[PDB]
Structure formats: structure tokens, C-alpha cells
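With compact mmCIF, C-alpha atoms inside, this is data_30.txt:
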# COMPACT_ATOMS: atom_id res chain seq x y z
CA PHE A 1 7.90 33.23 -5.05
CA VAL A 2 10.37 31.56 -2.68
CA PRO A 3 8.81 29.17 -0.21
CA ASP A 4 9.46 30.16 3.39
CA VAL A 5 11.21 27.53 5.53
CA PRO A 6 8.84 25.89 8.07
CA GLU A 7 9.35 26.46 11.80
CA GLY A 8 10.54 22.96 12.75
CA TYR A 9 13.38 22.63 10.20
CA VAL A 10 17.05 22.42 11.18
CA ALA A 11 19.69 24.00 8.95
CA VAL A 12 22.45 21.63 7.84
CA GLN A 13 25.50 22.40 5.72
CA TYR A 14 26.00 19.74 3.07
CA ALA A 15 29.17 17.74 3.48
CA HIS A 16 30.42 14.48 2.03
CA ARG A 17 30.74 13.29 5.60
CA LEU A 18 26.97 13.30 6.19
CA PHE A 19 26.21 10.51 3.75
CA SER A 20 27.66 7.02 3.84
CA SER A 21 27.04 3.42 2.91
CA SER A 22 25.47 1.32 5.69
CA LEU A 23 23.85 -2.08 6.19
CA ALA A 24 20.10 -1.85 6.76
CA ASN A 25 17.64 -4.69 6.23
CA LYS A 26 19.88 -6.71 3.91
CA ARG A 27 21.04 -3.87 1.68
CA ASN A 28 23.62 -1.09 1.50
CA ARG A 29 21.68 2.10 2.04
CA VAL A 30 22.88 5.65 1.39
CA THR A 31 22.55 6.55 5.06
CA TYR A 32 22.34 10.18 6.20
CA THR A 33 23.77 10.71 9.67
CA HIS A 34 22.10 13.77 11.23
CA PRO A 35 24.39 16.25 13.00
CA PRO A 36 22.11 17.58 15.77
CA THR A 37 21.54 14.09 17.26
CA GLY A 38 23.79 11.78 15.27
CA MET A 39 21.03 9.32 14.32
CA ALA A 40 21.65 7.36 11.14
CA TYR A 41 18.83 7.29 8.61
CA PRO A 42 19.20 4.55 5.97
CA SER A 43 15.83 5.37 4.32
CA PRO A 44 15.13 8.62 2.38
CA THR A 45 11.72 8.61 4.09
CA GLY A 46 11.28 9.26 7.82
CA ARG A 47 14.24 11.66 8.00
CA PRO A 48 13.99 14.74 10.26
CA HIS A 49 12.99 18.01 8.57
CA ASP B 1 -11.94 36.79 -13.01
CA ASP B 2 -13.99 35.45 -15.95
CA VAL B 3 -14.28 31.72 -16.65
CA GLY B 4 -12.06 30.64 -19.54
CA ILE B 5 -13.58 29.51 -22.83
CA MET B 6 -10.66 28.96 -25.18
CA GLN B 7 -9.03 25.66 -24.33
CA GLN B 8 -6.35 26.36 -21.72
CA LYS B 9 -2.68 25.35 -21.56
CA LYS B 10 -2.65 22.71 -18.79
CA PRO B 11 0.60 21.27 -17.30
CA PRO B 12 1.48 17.71 -18.46
CA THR B 13 -0.25 14.90 -16.53
CA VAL B 14 1.89 11.98 -15.32
CA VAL B 15 -0.07 8.85 -14.40
CA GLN B 16 1.48 6.63 -11.76
CA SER B 17 -0.45 3.41 -11.45
CA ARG B 18 0.17 2.27 -7.90
CA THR B 19 0.63 -1.44 -7.40
CA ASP B 20 0.72 -3.55 -4.23
CA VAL B 21 4.51 -3.32 -4.29
CA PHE B 22 6.87 -1.23 -6.38
CA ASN B 23 10.32 0.29 -6.39
CA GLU B 24 9.93 4.06 -6.11
CA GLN B 25 12.91 6.10 -7.28
CA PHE B 26 13.23 9.77 -8.13
CA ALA B 27 16.01 9.90 -10.67
CA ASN B 28 15.07 12.15 -13.59
CA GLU B 29 12.16 13.74 -11.71
CA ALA B 30 10.52 16.77 -13.37
CA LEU B 31 11.09 20.10 -11.62
CA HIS B 32 8.35 22.01 -13.44
CA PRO B 33 4.85 21.71 -12.03
CA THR B 34 3.23 18.49 -13.26
CA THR B 35 -0.09 16.94 -12.19
CA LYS B 36 0.19 13.37 -10.96
CA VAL B 37 -2.70 10.92 -10.91
CA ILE B 38 -3.08 7.37 -9.61
CA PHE B 39 -5.88 6.00 -11.82
CA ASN B 40 -6.37 5.69 -15.58
CA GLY B 41 -9.68 6.39 -17.28
CA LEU B 42 -10.46 9.19 -14.86
CA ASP B 43 -12.76 10.92 -17.38
CA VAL B 44 -15.77 9.41 -15.61
CA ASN B 45 -18.43 12.17 -15.73
CA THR B 46 -19.95 11.11 -19.04
CA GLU B 47 -23.64 11.79 -18.40
CA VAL B 48 -24.00 15.35 -19.76
CA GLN B 49 -27.12 17.29 -18.68
CA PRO B 50 -28.69 19.71 -21.17
CA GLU C 1 -39.90 -45.64 13.19
CA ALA C 2 -37.83 -44.76 10.12
CA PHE C 3 -40.37 -42.08 9.23
CA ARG C 4 -39.96 -40.03 12.42
CA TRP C 5 -37.01 -38.08 11.00
CA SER C 6 -35.99 -38.25 7.41
CA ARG C 7 -32.33 -37.79 8.11
CA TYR C 8 -32.23 -35.29 5.31
CA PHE C 9 -32.66 -38.51 3.32
CA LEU C 10 -29.01 -39.36 3.92
CA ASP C 11 -27.56 -42.74 4.91
CA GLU C 12 -26.15 -43.28 8.42
CA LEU C 13 -22.54 -43.59 7.30
CA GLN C 14 -22.93 -40.41 5.33
CA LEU C 15 -23.87 -38.61 8.52
CA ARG C 16 -21.05 -40.15 10.52
CA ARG C 17 -18.57 -39.01 7.87
CA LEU C 18 -20.36 -35.70 7.56
CA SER C 19 -19.47 -34.77 11.11
CA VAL C 20 -15.76 -35.27 10.42
CA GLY C 21 -16.17 -33.17 7.33
CA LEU C 22 -17.59 -30.41 9.48
CA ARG C 23 -14.43 -30.74 11.48
CA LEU C 24 -12.28 -30.27 8.35
CA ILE C 25 -14.31 -27.29 7.16
CA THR C 26 -14.18 -25.45 10.48
CA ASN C 27 -10.39 -25.92 10.65
CA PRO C 28 -8.26 -22.74 10.80
CA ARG C 29 -5.54 -24.01 8.43
CA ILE C 30 -7.83 -24.33 5.42
CA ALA C 31 -9.49 -21.01 6.26
CA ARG C 32 -7.44 -19.13 3.71
CA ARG C 33 -9.83 -16.73 2.08
CA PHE C 34 -8.91 -13.37 3.59
CA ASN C 35 -11.23 -10.45 4.21
CA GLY C 36 -10.29 -6.79 4.16
CA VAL C 37 -7.18 -4.84 3.36
CA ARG C 38 -5.14 -1.81 4.44
CA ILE C 39 -3.81 0.78 2.10
CA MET C 40 -0.82 2.49 3.67
CA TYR C 41 2.35 3.88 2.12
CA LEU C 42 5.19 2.15 4.02
CA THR C 43 8.50 0.96 2.63
CA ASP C 44 8.87 -2.84 2.46
CA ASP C 45 12.14 -3.02 4.37
CA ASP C 46 11.71 -6.51 5.93
CA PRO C 47 9.06 -8.50 3.98
CA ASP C 48 7.06 -10.74 6.30
CA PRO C 49 3.62 -11.84 5.01
CA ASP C 50 2.28 -11.95 8.57
Conversion result in C-alpha cells:
Amino acid sequence: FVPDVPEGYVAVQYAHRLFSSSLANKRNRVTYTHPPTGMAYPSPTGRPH
Amino acid sequence: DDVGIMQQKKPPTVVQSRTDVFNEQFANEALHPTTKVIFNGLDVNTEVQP
Amino acid sequence: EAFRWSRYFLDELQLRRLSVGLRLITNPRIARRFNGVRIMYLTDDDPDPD
């Protein structure tokens, strides 16, 4: 079994560029900037599929 | 299709007591299937009926 | 005349004080026993008790 990828998901090549340090609520988060829209996401939760 | 009788080989059961506040982190997470449960003492159905 | 209302068999000054006490008791600032709760699984990014 290989789980099928759900309809809403966007494919993203990994790159060192995608992740960075950033300030967010008084700590340095491992932010993931998201290439389709460019939104930064300091928290692991709440990120786009 | 038959119900098992010999004791079966169940996957290991990690208990995560969940407090009001806690630092979740997923370093060293298991990749194999593993049942996760919030409460301890979950063997509550003690009144056996003959 | 004193028999018309036992004043819960309390003295006059005790009543006069008692009213003020009712004012202390009904006060919002001392009303610090809290009722009810909300389980939800958010991150505590910016801790404010309120």
C-alpha cells in the first residue's frame, strides 16, 4: 500500500531556501515560506497541505 | 473470518498523558504503527457477565 | 414592639455591617471561582490568561 495524495495538496520540491529562522511570538521559529503564495509559516501546525 | 482465540500480537501502546500545557515535539517518533492513548487505567470493563 | 420581627435575632449594628458585607460578597473582584472549561488543541504562542 502507498497512500494516494489528497486532491487539495500542492507539490513542492524541497530546498534549503524554503526553511529559515524567523521571529514569531518571542522565539526563533523554523519558518517554512510557501512557494505558491509566499506566506511564512513559523508554526509546524496550520501549514497548507 | 473466525474470531481469534490464541492471544494476538498487538502493536505497542504508547500512553501520552495530556496536561493543560506541554511542549509537543516529534523527534524520535516511531514510524511503525503504534496505538496511542490519552488515559491510564483504561481497562475499565471489570464487571464480567457469566 | 421588639417582638414584631425577631431580626433573625441579630443586633442592629450586626445588620448595618451585614449590608456592607453583602456588598463585599457580591463584588466582581473577589468572584474568583471559575465555572466551566474548554478543551481545544491550540499552540500557546502568546500566553494571556484572559
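Closest to residue 23 of chain A among C:6, C:25, C:45, C:50 is C:45, based on all atoms listed in the file.
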Spatial sel., origin (22.7, 18.3, 12.9), limit 10 Å, all atoms listed in the file, listed as a PDB file with C-alpha atoms, keeping the file's coordinate frame:
ATOM      1  CA  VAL A  10      17.050  22.420  11.180  1.00  0.00           C
ATOM      2  CA  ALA A  11      19.690  24.000   8.950  1.00  0.00           C
ATOM      3  CA  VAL A  12      22.450  21.630   7.840  1.00  0.00           C
ATOM      4  CA  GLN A  13      25.500  22.400   5.720  1.00  0.00           C
ATOM      5  CA  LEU A  18      26.970  13.300   6.190  1.00  0.00           C
ATOM      6  CA  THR A  33      23.770  10.710   9.670  1.00  0.00           C
ATOM      7  CA  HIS A  34      22.100  13.770  11.230  1.00  0.00           C
ATOM      8  CA  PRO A  35      24.390  16.250  13.000  1.00  0.00           C
ATOM      9  CA  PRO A  36      22.110  17.580  15.770  1.00  0.00           C
ATOM     10  CA  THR A  37      21.540  14.090  17.260  1.00  0.00           C
ATOM     11  CA  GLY A  38      23.790  11.780  15.270  1.00  0.00           C
ATOM     12  CA  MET A  39      21.030   9.320  14.320  1.00  0.00           C
ATOM     13  CA  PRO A  48      13.990  14.740  10.260  1.00  0.00           C
TER      14      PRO A  48
END
Proximal residues of chain A relative to chain C (only C-alpha atoms; 9 Å) as a list in words: residues 24, 25, 26, 43 and 45 of chain A
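If you look at atom CA of residue 37 of chain B and atom CA of residue 50 of chain B, they are 29.3 Å away from each other.
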Residues within 7 Å of residue 38 of chain B, please, as a PDB file with C-alpha atoms, keeping the file's coordinate frame. Count all atoms listed in the file; anything in the same chain fewer than 5 positions from it doesn't count.
ATOM      1  CA  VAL B  15      -0.070   8.850 -14.400  1.00  0.00           C
ATOM      2  CA  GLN B  16       1.480   6.630 -11.760  1.00  0.00           C
ATOM      3  CA  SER B  17      -0.450   3.410 -11.450  1.00  0.00           C
ATOM      4  CA  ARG B  18       0.170   2.270  -7.900  1.00  0.00           C
TER       5      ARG B  18
END
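Taking atom CA of residue 44 of chain A and atom CA of residue 41 of chain C as endpoints, the distance between them is 13.6 Å.
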Distance atom CA of residue 28 of chain C-atom CA of residue 16 of chain C, one decimal place? 21.6 Å
I need the contact residues of chain B against chain A, so if you could list those with any atom within 12 Å, counting only C-alpha atoms, and return them as a CSV table (one decimal) with C-alpha atoms, in the coordinates of the input, that would help.
chain,number,residue,atom,x,y,z
B,24,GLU,CA,9.9,4.1,-6.1
B,25,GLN,CA,12.9,6.1,-7.3
B,26,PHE,CA,13.2,9.8,-8.1
Can you write out as a tab-separated table which residues of chain B fall within 10 Å of chain C, alongside each residue's closest atom pair and its distance in Å to one decimal, counting all atoms listed in the file and ordering rows by chain and ascending residue number?
residue	atom	partner	partner_atom	distance
B:20	CA	C:39	CA	8.9
B:21	CA	C:44	CA	8.0
B:22	CA	C:44	CA	9.2
B:23	CA	C:43	CA	9.2
B:24	CA	C:43	CA	9.4
Would you mind exporting C-alpha atoms of the selected residues as a PDB file, in the frame of the given file?
ATOM      1  CA  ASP B  20       0.720  -3.550  -4.230  1.00  0.00           C
ATOM      2  CA  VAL B  21       4.510  -3.320  -4.290  1.00  0.00           C
ATOM      3  CA  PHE B  22       6.870  -1.230  -6.380  1.00  0.00           C
ATOM      4  CA  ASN B  23      10.320   0.290  -6.390  1.00  0.00           C
ATOM      5  CA  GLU B  24       9.930   4.060  -6.110  1.00  0.00           C
TER       6      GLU B  24
END
Mind listing whatever residues come within 10 Å of the point (23.8, 3.2, 4.3)? Use all atoms listed in the file, file coordinates, and give them as a VMD selection string. chain A and resid 19 to 24 27 to 33 40 to 43
Could you check the closest approach to residue 40 of chain B for each of B:14, B:1, B:6, B:28 and tell me which residue wins, using all atoms listed in the file? B:14
